[PDB]
Number of protein chains: 2
Amino acid sequence: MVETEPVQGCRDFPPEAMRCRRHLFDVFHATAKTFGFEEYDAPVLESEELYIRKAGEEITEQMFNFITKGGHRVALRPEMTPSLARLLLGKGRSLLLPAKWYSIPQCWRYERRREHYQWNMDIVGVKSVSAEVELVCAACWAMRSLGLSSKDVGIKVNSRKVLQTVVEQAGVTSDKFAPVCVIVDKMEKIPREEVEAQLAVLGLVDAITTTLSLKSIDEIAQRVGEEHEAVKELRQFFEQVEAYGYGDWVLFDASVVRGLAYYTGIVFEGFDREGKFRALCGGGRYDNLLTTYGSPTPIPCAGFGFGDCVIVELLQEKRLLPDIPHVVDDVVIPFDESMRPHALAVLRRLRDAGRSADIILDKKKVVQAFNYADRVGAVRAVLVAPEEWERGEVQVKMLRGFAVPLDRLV
Amino acid sequence: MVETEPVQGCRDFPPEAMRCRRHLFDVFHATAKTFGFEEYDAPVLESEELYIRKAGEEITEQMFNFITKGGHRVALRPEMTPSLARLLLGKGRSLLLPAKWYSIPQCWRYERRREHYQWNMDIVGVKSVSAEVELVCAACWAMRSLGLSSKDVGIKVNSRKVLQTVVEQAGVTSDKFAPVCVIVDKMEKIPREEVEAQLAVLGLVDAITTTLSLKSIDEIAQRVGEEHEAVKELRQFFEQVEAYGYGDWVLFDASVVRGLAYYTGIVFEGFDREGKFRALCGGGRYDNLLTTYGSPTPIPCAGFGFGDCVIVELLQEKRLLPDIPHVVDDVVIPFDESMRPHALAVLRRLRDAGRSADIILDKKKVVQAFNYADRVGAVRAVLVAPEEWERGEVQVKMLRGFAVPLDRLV
Ligand SMILES: N[C@@H](Cc1c[nH]c[nH+]1)C(=O)O
Ligand SMILES: N[C@@H](Cc1c[nH]c[nH+]1)C(=O)O
Ligand SMILES: CSc1ccc(N)cc1
Ligand SMILES: CSc1ccc(N)cc1
């Protein structure tokens with residue numbers, strides 16, 4: 001007997017499970033359309049080089065990589081953003097800006113689950129914080145579309161420029177900034193003795209702790225100035241999100257850095273207000289990535305990723321994922337095999353009119369055909385019997401036996 | 001500068017291309033719903049064992065496989081059907097039958113393109129040819145939904161039981177039947193001297209050629225009998241497809257075997273009636289696969305695969321793939337940055353009412369905002385200016401400047 005279980009750390013999606021996933025994706029798609037984002041895709045298999053950033057990131061530590069038979073180093077994408085950048089670079093001057101691109105790629109890791117789907121939304125060619133605002137509102141919009149309120153979740157928001165200044169003022173060559181954000185991001189999970197050790201292990205702390213634990217924007221105006229670009233940006237951000245109507249969804253948190261190397265400005269993180277779950281989504285501005293990839297002109301970018309697992313746990317906890325049973329409008333039941341041809345002509349017309357319809361495919365008695373119709377969640381059973389066919393009719397019966405002329409069925 | 005090109009033999013899908021792919025997938029999805037099929041998915045990464053059938057298949061010759069870091073032999077699926085079977089086996093008795101499952105997996109190969117998307121439709125637990133009928137009608141339905149007529153394409157249909165008998169009558173142990181179908185399938189591409197050599201290389205021909213070139217069902221009634229199960233099946237098949245209204249789409253071809261090992265009965269192949277393109281889709285009955293995988297009870301199955309490339313070439317040839325430009329209902333234009341907050345409250349309401357809307361994100365003059373709106377295919381531009389806002393109004397303008405009160409916009 002064969003191995004019925006999927007490969008280590010990956011999920012099967014039989015119809016029941018697939019309905020749950022499709023309910024989630026519908027929202028991701030519907031939200032992108034609402035916000036004017038265009039869909040894209042790229043291979044799940046990308047060159048390994050694409051992710052060699054050399055900043056001790058979890059995402060590049062836990063790459064699911066291998067060597068092709070022909071020698072080339074490739075990998076199953078751990079994230080989409082580098083793929084996006086490559087596409088953007090290839091377009092170059094032909095790419096009209098600003099561009100708003102989205103996708104729902106499966107992304108991978110080797111280690112616990114080894115794959116997840118991650119909704120990606122990104123805005124390209126927008127200098128101002130209006131990008132981050134839109135993005136953050138898109139994420140709130142989706143969560144709200146799934147049944148969640150500002151009582152259930154929020155989005156913590158920060159800027160890396162604050163810390164950039166503190167690092168810069170402290171004489172630290174700017175090349176150390178990315179490795180620092182990555183360690184500081186660990187602060188949540190690892191202890192302060194362990195996190196302090198990594199910053200010292202990178203050749204160096206006090207000012208970092210104090211600034212991470214600042215609880216308000218006023219307090220960072222004290223420390224940095226009321227027109228550090230970061231203060232002006234965050235105020236504009238919050239004012240814009242206020243104005244869009246999602247003020248109760250967003251708040252400031254000076255400890256939020258995110259784990260990725262390329263964020264340069266505003267960064268953000270979705271969370272459940274009960275403190276039970278990991279981050280629901282994560283994102284930020286990344287204005288230098290494309291310059292890093294070799295763009296002859298800097299290209300401002302911002303975006304986020306929004307996983308398919310934490311959100312589902314959350315929705316299951318809040319009882320917002322009722323099992324969605326399969327449905328179909330009509331189930332056509334031939335009285336017996338001599339009626340099959342006629343049953344098919346009826347099936348054809350039901351479908352021609354835009355309805356979803358089955359026909360009983362195997363041979364069985366009418367009552368068992370009816371039970372089957374109930375089991376597949378048919379809204380209506382259409383019995384095709386010889387007596388009624390003579391009258392140009394069939395027997396209809398609503399499941400959620402009046403005879404009906406064929407033309408009136410639809 | 002980074003490598004902008006995708007990995008060898010795989011496709012990027014920027015927004016333009018993705019619109020074409022989504023137009024195709026919409027049809028695959030819409031057709032499955034019309035026919036009552038339920039969506040499923042499974043990992044693109046499956047155990048390599050799953051595909052070791054030992055019958056010289058192209059699909060298992062050109063497996064994109066590798067060894068995980070932990071030693072396990074895995075591969076990127078070359079086809080979905082084995083995944084489907086595994087899922088079905090795992091369900092066992094809990095799986096209610098008949099089941100009609102579909103998916104649009106990316107599938108892989110190593111060698112020319114190395115990936116394609118393949119719509120899969122399969123019916124489980126149906127003994128009779130009504131399964132093959134439904135499946136064949138689903139494929140015609142999709143092609144017709146894409147603009148194609150029975151003048152443009154057809155479906156060639158055969159049964160492997162015919163050849164099974166000829167092989168059986170000729171004393172050939174039934175274990176040789178699969179290897180034979182695989183060689184005979186090559187007959188299209190390779191010469192008869194080369195195809196004859198493989199059948200002799202498998203320890204053995206004349207009767208095979210003659211029966212492959214039989215041009216009608218009557219002629220196979222002569223050779224096999226008018227109640228070989230295969231004659232009764234094909235007549236039922238054609239009668240049912242006749243009755244559904246797709247008689248002009250289907251025809252008999254005794255040379256059609258298909259390249260896969262597991263087909264046991266009816267097999268079929270979509271084709272363009274101009275003889276320009278490879279097969280558009282392919283499928284058949286496979287009643288023994290699950291018994292092969294270890295099912296304690298035989299499970300009848302039939303299905304097909306329908307690629308994303310040949311169909312697109314065909315549609316491009318018939319001029320049925322006009323470029324689909326991006327669209328969005330509204331583009332909200334703040335007169336200047338002081339109007340941004342108000343512009344956002346308007347944006348919120350447009351979206352709240354189910355419309356797709358952008359807001360101009362960067363700072364620019366109104367005429368350039370208008371050009372942008374035209375470029376993204378906005379149906380309507382909504383200017384948010386201070387003079388009109390005082391009146392509780394905005395300036396609307398249809399692109400495919402009458403002032404309007406906020407409540408009337410939606
Ligand atoms: N790539 C980020 C999310 C993101 C998309 N765009 C910008 N950031 C992540 O995987 O968490
Ligand atoms: N797996 C077949 C198509 C198919 C699906 N179900 C049965 N046959 C192919 O790749 O051509
Ligand atoms: C849970 S599977 C997963 C895969 C890739 C990343 N970057 C994170 C998580
Ligand atoms: C054109 S890519 C492709 C991938 C897998 C199979 N079986 C066939 C084709």
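In what follows, every chain begins at residue 1, and chains take the letters A, B, ... in the order their sequences are listed. Note: hydrogens, waters and symmetry copies are ignored here, and every other heavy atom, side chains too, is used. Just so you know, ligand 1 is whichever comes first in the structure, and atom 1 is the first atom listed for that ligand.
By the 3.5 Å distance cut-off applied to N or O atoms, B/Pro78 is counted among the residues near ligand 4. Ligand 2 has no nitrogen or oxygen under 3.5 angstrom from a nitrogen or oxygen of B/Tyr286. Residue B/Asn120 has no N or O atom closer than 3.5 Å to an N or O atom of ligand 2. In terms of polar-atom proximity, defined here as any N/O pair under 3.5 Å, A/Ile59 makes no such contact with ligand 3.
The protein heavy-atom contact nearest to atom 8 (N) of ligand 2 is B/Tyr263 OH, 2.8 Å.
Ligand 2 places these atoms under 4.0 Å from at least one heavy atom of B/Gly282: 3 (C). Using a 4.0 Å cut-off to heavy atoms of B/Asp122, the atoms of ligand 2 that qualify are 5 (C), 6 (N), 7 (C). Set against the non-hydrogen atoms of B/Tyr262, the atoms of ligand 2 under 4.0 Å away are 1 (N), 2 (C). Atoms of ligand 2 found under 4.0 Å from any heavy atom of B/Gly305 (numbered from 1 in listed order, with element): 3 (C), 4 (C).
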>> Working note: A/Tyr117 + A/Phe25, criterion ring-ring contact (aromatic ring centres under 6.0 Å, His included); need CA distance, chi angles, decisive distance, verdict.
In response: CA-CA 10 Å; A/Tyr117 288 84; A/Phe25 284 27; 5.5 Å; yes
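Relative to the ring axis of A/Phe271, A/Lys156 places its NZ or CZ within 45° and under 6.0 Å from the centre. Figure legend: A/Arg160 and A/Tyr263 shown without cation-pi pairing, the cationic atom not lying both under 6.0 angstrom from the six-membered ring centre and within 45 degrees of its axis. At least one test fails for A/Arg11 against the ring of A/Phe13: distance under 6.0 Å to the centre or angle within 45° of the axis.
Evaluated by nearest non-hydrogen atom to atom 2 (S) of ligand 4, the leading choice among B/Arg77, B/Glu115, B/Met63 is B/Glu115. With atom 1 (C) of ligand 4 as the reference point, the heavy atom nearest to it among B/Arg114, B/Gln118, B/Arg109 is part of B/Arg109. The option with the heavy atom closest to atom 2 (C) of ligand 2, from among B/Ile59, B/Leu135, B/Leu260, is B/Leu260.
Residue B/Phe306 is tested with B/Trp141, B/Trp119, B/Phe268 for a ring pair (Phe, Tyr, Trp, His ring centres under 6.0 Å); the sole match is B/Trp119.
Residue contacts with ligand 2 include B/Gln118, since one or more of its heavy atoms lies under 4.0 Å from the ligand.
Taking a cutoff of 4.0 Å between a charged side-chain nitrogen and a carboxylate oxygen, B/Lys100 and B/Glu134 qualify as a salt bridge.
In this view, A/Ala261 and A/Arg53, A/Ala55, A/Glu57, A/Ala178 satisfy the side chain to side chain contact (heavy atoms under 4.5 Å, CB included) rule, not counting sequence neighbours.
No side-chain donor from either of B/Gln240 and B/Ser130 sits under 3.5 Å from a side-chain acceptor of the other.
Panel note: side chain A/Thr68, backbone A/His72; a donor-acceptor pair is recorded below 3.5 Å.
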